[PDB]
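Chain by chain, the residues:
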Amino acid sequence: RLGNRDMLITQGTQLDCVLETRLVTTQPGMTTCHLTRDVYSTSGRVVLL
Amino acid sequence: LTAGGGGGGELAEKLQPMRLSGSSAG
């Protein structure tokens, strides 16, 4: 059983973000995006991200 | 007579610093 479902984001939750950096795969590199929406807990009651 | 994490293998190795030590003027 999951411990505290108000303070928890479980596997398979889909975080939706928007890509900031233009990506070109010539050289290994770092990316960045920003979450577009609030991400609630698995109980759906607390905004965790 | 005489006495006696470890990932990012390519990117993390491209980001290894090149630390060149300073000099002092003589």
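Residues numbered from 1 in each chain as written, not as in the entry; some residues may be left out. Chains lettered and ligands numbered in written order. Part of a larger assembly, values for the part shown. Heavy atoms only, no water.

As deposited, the entry is annotated with cryo-EM as its determination method and 2.93 Å as its resolution.

S.K.: Can you break down the overall build of chain A residue by residue, with the values?
M.R.: Helix and strand content of chain A: zero helices and two strands. Dimensions of chain A, computed from the C-alpha atoms along their principal axes, are close to 45 × 20 × 10 Å. Across the 49 residues that make up chain A, the buried fraction comes to 6%. Intrachain contacts of chain A at a sequence separation of at least 6 include 38% that bridge at least 24 residues. Accessible surface, chain A: about 4400 Å² in total, of which carbon and sulfur atoms supply 49%. With 5 positive and 4 negative side-chain charges, chain A shows a spacing of 9 Å between the two charge centroids. (Helix = DSSP H or I, 4+ residues; strand = E, 2+ residues; numbered from the N terminus. Buried < 20%, exposed > 50% of the residue type's maximum accessible area, 1.4 Å probe, protein only. Contact = heavy atoms within 4.5 Å. Areas by Shrake-Rupley, 256 points an atom, 1.4 Å probe, with all protein chains shown as cover. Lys, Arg positive; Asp, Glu negative; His and termini not counted. Charge placed at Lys NZ, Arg CZ, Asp CG, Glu CD.)

S.K.: Explain the state of the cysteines residue by residue, including any values.
M.R.: Residue and element names in this part refer to chain A. Counted by the stated rule, this structure contains one disulfide over all chains. Bridging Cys17 to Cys33, the disulfide has an S-S length of 2.0 Å. Every disulfide takes its handedness from the sign of the S-S torsion; for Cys17 and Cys33 that torsion is -90°, giving left-handed. Within this pair, whereas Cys17 is found in strand β1 (residues 17-19), its partner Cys33 is found in strand β2 (residues 33-35), the two being separated by 16 residues in sequence. Judged by its relative accessible area of 34%, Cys17 is partly exposed. Note on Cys33: relative accessible area 34%, which makes it partly exposed. (Disulfide = S-S within 2.5 Å.)

S.K.: Mind laying out the side chain of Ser41 of chain A, listing which residues take part and the relevant values?
M.R.: Here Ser41 of chain A lies in the segment after β2. Of the polar contacts made by the side chain of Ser41 of chain A, one reaches the backbone oxygen of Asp6 of chain A; its length is 3.4 Å. (Polar contact = N/O pair within 3.5 Å; in protein donor to acceptor, adjacent residues only side chain to side chain.)

S.K.: Talk me through the side chain of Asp6 of chain A; I want residue IDs and the actual numbers.
M.R.: Residues and elements named next belong to chain A. Relative to the elements of secondary structure, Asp6 occurs in the segment before β1. By relative accessible area, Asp6 is classed as buried at 18%. In terms of polar contacts, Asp6 uses its side chain to reach the side chain of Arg45, at 2.6 Å. Among all residues touching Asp6, those that are not within four sequence positions of it are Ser41, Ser43, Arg45, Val46 and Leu48.

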